[PDB]
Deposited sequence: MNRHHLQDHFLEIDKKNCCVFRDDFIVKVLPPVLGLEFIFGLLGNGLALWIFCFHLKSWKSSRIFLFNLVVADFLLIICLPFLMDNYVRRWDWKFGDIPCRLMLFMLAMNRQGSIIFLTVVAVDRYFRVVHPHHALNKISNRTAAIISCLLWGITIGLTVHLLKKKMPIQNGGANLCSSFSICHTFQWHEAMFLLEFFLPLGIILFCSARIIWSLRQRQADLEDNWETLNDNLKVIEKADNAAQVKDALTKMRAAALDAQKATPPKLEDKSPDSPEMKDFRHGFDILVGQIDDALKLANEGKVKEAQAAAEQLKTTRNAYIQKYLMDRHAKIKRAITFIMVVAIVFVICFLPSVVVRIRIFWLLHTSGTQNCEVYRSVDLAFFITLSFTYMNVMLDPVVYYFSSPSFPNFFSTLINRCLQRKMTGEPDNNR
């Protein structure tokens, strides 16, 4: 509440002391349960480590850095920022808190960039990265996360004012490091938003092409069944045969590839019956095409339509989690940069309501430990298959 030293106006509303501690606890419970489940599924349930799970497992590592500090953080907010712990416990908590935020920001982009190449550029060299190469990338990206946040271990803590454990970054005017801080968030924000746009755009296109081929197939058969001309059926099978050949090249399955062989072959048989004036004998042969697509095709259409739906769901939650967790604190920090430049630090009451917003959006930053489990769930069908086979045992 009182004006701190070195031109620093800080406020501790009662809403922060009363509402945030139980929020920190809920984020601690679901975060430990979700990441603990992920840690079990990643490391013990499945034995195959792909390049995507290696990049994705870093979020689990980045989340446990915040999970460890959450009980201590609760102890600080209930004590009104009275840091009962020592010097070293405070430096480590600030380091791990920044390591969790900066680490989650970086690896949520790597997850989006990885899925961007799996979808948009399937044949690019970055899709064939070895597990050792992906492990080198993750280590190099952790080394970057170290350097950006290692400075929080140099400053001695706490600071008497009762002792407070905080890196007062909301009392620093906009300078070079603060510009770096904003750029370290907006470049990943631009990459994730662009990748999410391209992936959703490309995947909704593939689904629209599958349903367009399947539409022209069922629709054309209804023409053949309702046909009263011998020439109408010759042209109707033409659009079907072109649709059956387009669907073969679209699929990026052993019993589904040979199903189009039988599908096209049955069209060729009725194609000869259509050219011989067999109006009734070609309309009937076209009904055998209804029994082959149910047994052979419709299953692969639903499997791919679900694979596409889960991929779009995955890239959306990665973008949504990145925004609703890290953007609110950024906007508030930008508003403080303006007020320090506009109003200065003579009258502190200009920062009363803004400080309440900062610690509110600060708990949004801590939400990434209970929302990353949602990212893990939609990453691969192995996660829902873990709980489905676990519930199979009843």
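Residues of the deposited sequence lacking C-alpha coordinates, numbered from 1, fall in the stretches 1-10, 172-173, 265-276, 419-431.
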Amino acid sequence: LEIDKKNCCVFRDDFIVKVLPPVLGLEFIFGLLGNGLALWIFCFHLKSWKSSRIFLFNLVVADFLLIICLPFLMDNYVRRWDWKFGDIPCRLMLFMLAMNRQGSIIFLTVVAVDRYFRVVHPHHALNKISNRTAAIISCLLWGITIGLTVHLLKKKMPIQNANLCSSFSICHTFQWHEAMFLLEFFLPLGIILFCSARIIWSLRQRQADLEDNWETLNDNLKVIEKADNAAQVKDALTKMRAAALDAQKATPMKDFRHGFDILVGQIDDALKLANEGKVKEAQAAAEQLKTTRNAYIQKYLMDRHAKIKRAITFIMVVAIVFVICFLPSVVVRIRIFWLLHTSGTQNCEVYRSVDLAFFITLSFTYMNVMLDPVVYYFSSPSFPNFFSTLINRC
From here on, numbers count along this sequence of modelled residues.
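In this crystal structure, the stretch out of 123-131 and 226-234 whose C-alpha atoms carry the higher mean B factor is 226-234. On average the C-alpha atoms of 290-298 have higher B-factors than those of the other stretch, with 308-316 and 290-298 being the two compared. Between the residues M93, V264, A284, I200, it is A284 that shows the highest Cα B-factor in the PDB record. The top Cα temperature factor in the record, among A162, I191, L183, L148, falls on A162. In the deposited entry, the Cα temperature factor of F117 sits in the bottom third of values across the chain's modelled residues.
Remark: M253 belongs to the highest third of its chain, ranked by C-alpha B-factor as recorded.
The deposited CA B-factor of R333 belongs to the lowest third of values across its chain. Among all modelled residues in this chain, the alpha-carbon of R101 has a temperature factor (C-alpha) in the lowest third. Ranked by C-alpha B-factor against the other modelled residues of its chain, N220 falls in the highest third.
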